[PDB]
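# Breakdown of the fold
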Amino acid sequence: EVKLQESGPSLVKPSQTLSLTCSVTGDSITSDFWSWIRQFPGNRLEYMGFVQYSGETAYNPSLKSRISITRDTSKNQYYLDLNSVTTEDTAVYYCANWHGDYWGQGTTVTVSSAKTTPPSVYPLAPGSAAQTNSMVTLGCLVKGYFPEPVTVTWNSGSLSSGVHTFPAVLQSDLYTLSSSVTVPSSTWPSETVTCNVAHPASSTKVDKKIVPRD
Amino acid sequence: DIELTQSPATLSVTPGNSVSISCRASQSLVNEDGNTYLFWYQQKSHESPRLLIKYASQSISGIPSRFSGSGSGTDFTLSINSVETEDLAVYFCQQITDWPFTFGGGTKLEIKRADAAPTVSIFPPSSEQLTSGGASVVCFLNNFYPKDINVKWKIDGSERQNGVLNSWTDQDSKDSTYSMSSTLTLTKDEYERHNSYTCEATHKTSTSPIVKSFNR
């Protein structure tokens, strides 16, 4: 029914302004009040504020006059603009009707002076000796990128049941994550297996075929 | 502002059993018009929170009878009377009685399962990475239980502690297991000085460790 959707930048530098958009499908935004809620690393939630169907607003005092919530009723979408951001403004941003009855998927935003770094996508195939096993496990190493996040799928989501994607870790101010897939040995290398990696901040979308080590 | 303190921070349970999560408010949440604005949410990995209970105990339509809210004033409880494996997530309480609306810090619910040994796999550095000049050796320790486990890397039998980066997955909603990844990162120059690369896992499911190894 009522469906929400956030959109906006992945990286914004200190002192600049962050601007997001909440696109609503289903009902009209004049049928309810609407908010912005963010979740910090640590999973603590902060209610940002809300806007009524008359344009009137309520903003959390913690955001000391840096916030603005407005709307475009004909387009069925609302916005958020936050001033002079700092590190502390890094979080995932969600839009929801004021009571939290409906929410969007959330959108990751990082505030930093550091430059964007696309990941190096390396394949993980077993060492050239093997094979008594009914199943085979492959992987992809997504190395040294900034900022977060990136997503991984295997064969465009056709392979999902035997997948594990691990949380990134920080090493020398850069992120690194890995993912593993397990399939019947009769499917690989017989049929191809590729990991699809996306890094939003640098607009990266690379497909890496897992090849047996010859 | 009104502060919400949840207790406990984390708890575990066996399917079929019940669990109890508390929310303490710094001041009464009963509004001047005698209505109590205490909401309860469920948030699963990779999802936005999902509302379960409104006004302290009023049930939303579509939520299982399993979930119930009770309490009043400053002391509230979310109870799940017969836990299902799907119920693993983080649970939050929220008050919308006073401005600004505030959330509690969350309570992590974990599940208890039969024990399970990890499926281990080691992988040598890819050629592409060595070309660039680095050498990461990766080892996946999949689908185990309990979460406690130890990994040791060894270069030519010699134990190595520096250069390791570890990452744990969240518990699986489908089979209640955990997974981990361990990576030993070296320069192309340091990797070429040895031949034997070993990954060893020590877990409750065995007195002897699982050994995965490769030689250049």
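This part takes up the overall build of chain A. Helix and strand counts for chain A come out as zero helices and 18 strands. A globule of 214 residues ought to have a C-alpha radius of gyration of about 17 Å, yet chain A, at 21 Å, is considerably larger. Seen along its three principal axes, the alpha-carbon backbone of chain A occupies a region of about 70 × 40 × 25 Å. Taken over 214 residues, chain A has a buried fraction of 46%. Put simply, 59% of the contacts in chain A that link residues at least 6 apart link residues at least 24 apart. Put simply, chain A shows about 10,200 Å² of open surface, and 48% of that area lies on carbon and sulfur atoms. One finds the centroid of the 14 positive side-chain charges in chain A at a distance of 9 Å from the centroid of its 16 negative side-chain charges.

Before going further, it helps to examine the interface of chain A and chain B. Tallying the contact residues gives 40 residues for chain A and 41 residues for chain B. There are two salt bridges connecting chain A and chain B. In this structure, A:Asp101 engages B:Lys54 in a salt bridge whose closest nitrogen and oxygen atoms are separated by 2.8 Å. Our count for the chain A to chain B interface comes out at 12 residue pairs in polar contact.

Residues and elements named next belong to chain B. Within the secondary structure layout, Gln-171 lies in the loop between β16 (164-168) and β17 (178-187). Only 3.3 Å separates the side chain of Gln-171 from the backbone nitrogen of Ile-111, close enough to count as a polar contact. A polar side-chain atom of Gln-171 sits 2.7 Å from a polar atom in the side chain of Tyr-178. Those residues in contact with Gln-171 that lie beyond four places of it in its chain are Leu-88, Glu-110, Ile-111, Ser-176, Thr-177 and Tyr-178.

Residues and elements named next belong to chain B. The four strands lie next to each other as β12-β13-β17-β16, forming an open sheet whose pairing is antiparallel. Looking at which strands have only one partner, the edges of the open sheet turn out to be β12 (119-123) and β16. Each strand axis lies, on average, 15 degrees off the axis of its neighbour in the sheet, ignoring direction. Relative to β17, β16 is paired through five bridges, and the arrangement is antiparallel. By the bridge assignment for β17, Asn-166 is matched with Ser-182.

Below, the discussion takes up the packing of aromatic side chains. To describe a pair of aromatic rings, you give the distance between the ring centres and the angle between the ring planes. Per the stated rule, a full pass over the model turns up 23 aromatic pairs over all chains. Centroid distance A:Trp36 to A:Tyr78: 5.4 Å. Interplanar angle 65 degrees. Geometry classified as edge-to-face. Taken as a pair, A:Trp36 in strand β4 (residues 34-39) and A:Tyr78 in strand β8 (residues 77-82) lie far apart in primary sequence, 42 residues in all. In terms of burial, A:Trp36 and A:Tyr78 fall into one category: buried. Ring pairs connect the aromatic residues A:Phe33, A:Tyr47, A:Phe50, A:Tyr53, A:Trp98, B:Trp99 and B:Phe101, which therefore count as one cluster. The ring of B:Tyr191 carries the charged tip of B:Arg216 above its face, separated from the ring centre by 5.4 Å.

The next point concerns unusual backbone geometry. Backbone torsion omega between B:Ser7 and B:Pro8 reads 0 degrees, so that peptide bond is classified as cis. Residue placement: B:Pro8 occurs in the loop between β1 (4-7) and β2 (10-13). For the peptide bond that leads from B:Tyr145 to B:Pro146, omega is 0 degrees, which places it in the cis range. Relative to the helices and strands, B:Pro146 is located in the loop between β13 (134-144) and β14 (150-155). Within the chain, A:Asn43 stands out as a residue other than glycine whose phi angle is a positive 75 degrees. Residue A:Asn43 is classed as partly exposed on the basis of its relative accessible area of 23%. Here the phi dihedral of A:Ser84 falls at roughly 25 degrees; this positive angle occurs in a residue that is not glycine. Tracing the backbone through its elements, the reader meets A:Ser84 in the loop between β8 and β9 (91-97). Residue A:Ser84 is classed as partly exposed on the basis of its relative accessible area, which comes to 41%.

Right, let's talk about the domain arrangement of chain A for a bit. Residue and element names in this part refer to chain A. Examined at the domain level, chain A breaks down into domain 1 (1-113) and domain 2 (114-212). Approximately 570 Å² of surface area, both sides summed, lies buried where domain 1 meets domain 2, with 60% of it carried by carbon and sulfur atoms. If you sort the residues of domain 1 by the area they bury against domain 2, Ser-10, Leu-11 and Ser-113 come out on top, with a joint share of 58%. Here domain 1 and domain 2 share zero salt bridges between them. Our count for the contact surface shared by domain 1 and domain 2 stands at one residue pair in polar contact. Here the residues of the side of domain 1 that touches domain 2 are counted per class, giving one nonpolar, five polar and no charged.

Definitions and limits used
- Numbers given to residues start from 1 along each chain, in the order its sequence is written, and need not follow the entry; residues that have no coordinates are not shown.
- Written order decides the labels, with chains lettered from A and ligands numbered from 1.
- Side-chain metrics in this entry use all non-hydrogen atoms of the structure; hydrogen atoms and water are not considered.
- For the purposes of this entry, the term helix denotes a DSSP run of H or I that reaches at least four residues, the term strand denotes a run of E that reaches at least two, and both are numbered from the N terminus.
- We compute the radius of gyration from the C-alpha atoms alone; for a globule the expected value is 2.2 Å times N to the 0.38, where N is the number of residues.
- The buried label applies to any residue whose accessible area, calculated with a 1.4 Å probe on protein chains only, is under 20% of its type's maximum; exposed applies above 50%, and partly exposed to all values in between.
- Should any heavy atoms of two residues lie within 4.5 Å, those residues are counted as being in contact.
- Only the protein chains shown count as cover for residues, and all accessible areas are computed by the Shrake-Rupley method using a 1.4 Å probe.
- Neither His nor the chain ends is counted toward charge; the positive residues are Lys and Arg and the negative residues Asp and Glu.
- Working definition for charges: the position is that of NZ of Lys, CZ of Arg, CG of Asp or CD of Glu.
- Here, a salt bridge means any side-chain nitrogen of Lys or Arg that lies within 4 Å of a carboxyl oxygen of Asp or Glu.
- N or O atoms within 3.5 Å of each other form a polar contact, as long as, within protein, one can give a hydrogen and the other can take it, and as long as residues adjacent in sequence are counted only when both atoms are side-chain atoms.
- Pairing between two strands requires that DSSP report at least two bridges joining them.
- Helix axes are fitted to C-alpha atoms over the stretch in contact, other axes to C-alpha atoms as well, and angles between N-to-C directions run from 0 to 180 degrees.
- A pair of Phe, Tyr and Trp rings is counted when the ring centres sit within 6.5 Å of each other, with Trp represented by its six-membered ring. The angle between the planes then sorts it: under 30 degrees is stacked, over 60 is edge-to-face, the rest tilted.
- A ring has a charge above it when a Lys NZ or an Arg CZ is no more than 6 Å from the ring centre and no more than 35 degrees off the ring normal.
- Domain start and end points were adopted from an automatic or database domain assignment.
- Once two parts are brought into contact, the accessible area they lose, counted with a 1.4 Å probe and summed over both, makes up the buried area.
- Any residue that is not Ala, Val, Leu, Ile, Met, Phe, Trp, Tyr, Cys, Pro, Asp, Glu, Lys or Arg is counted as polar, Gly included; the first ten are nonpolar and the last four charged.

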